[PDB]
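Before any questions on how it binds or moves, here is one chain, the form deposited without the DNA, in structure tokens.
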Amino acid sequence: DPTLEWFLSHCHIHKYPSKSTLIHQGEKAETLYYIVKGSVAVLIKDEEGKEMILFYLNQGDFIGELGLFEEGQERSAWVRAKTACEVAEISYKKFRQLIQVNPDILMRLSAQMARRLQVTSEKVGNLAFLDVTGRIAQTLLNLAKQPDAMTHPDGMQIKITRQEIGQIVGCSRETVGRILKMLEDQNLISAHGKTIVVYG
């Protein structure tokens, strides 16, 4: 991918250990990132410091793009390393020059923005239309749809903690545990340690 190589040749790459915060909500935005290796969580917080996970981003994803198109923006969310990460960084002004040179790099970034808006909109609908059981169920389905989900003779299998499910749906880890027990009883799912099979 010559496009990617050319873009990256203009970035400076930095390593972030698991759990480190790459981006703090409210900081002034002047730089774009790209995940060469690793995975991160994008999250927001309520007034009680409870975190919610808006998105998981991985190798190939841009981050910190939302301040690119208007100056004086603040970072709209926190971004925290789930794994150890290699992350390329580049100033907004330099990136703008790259765009004038070859707009395919902006098309790639924008393609990701479009996907993120589609998925985030779906999350709005889930939060507004479903009760807690429905939200948890739909989250299990969505995770069953991820590339890293592994086939199972009963359905599709995923790994994730009660805590993480809770951070995605907006509930406590306890509530999540009770609801997963129910879905197991209704023979819709199966549970293990940190492994779940979704029947479908």
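So that there is no doubt, residue numbering starts at 1 and follows the sequence shown.
What comes next is about the form deposited with the DNA bound, which is not displayed.
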Touches the DNA in the deposited complex: residue 178 (any heavy atom, 4.5 Å)
yes
At the 4.5 Å heavy atom threshold, is residue 132 in contact with the DNA in the deposited complex?
yes
Given that the partner is absent here, does residue 173 sit within 4.5 Å of the DNA in the deposited complex, heavy atoms only?
yes
Is residue 146 close enough to the DNA in the deposited complex to count, meaning some heavy atom within 4.5 Å?
no
What stretch, of 24-32, 163-171, 147-155, 58-66, brings heavy atoms to within 4.5 Å of the DNA in the deposited complex?
163-171
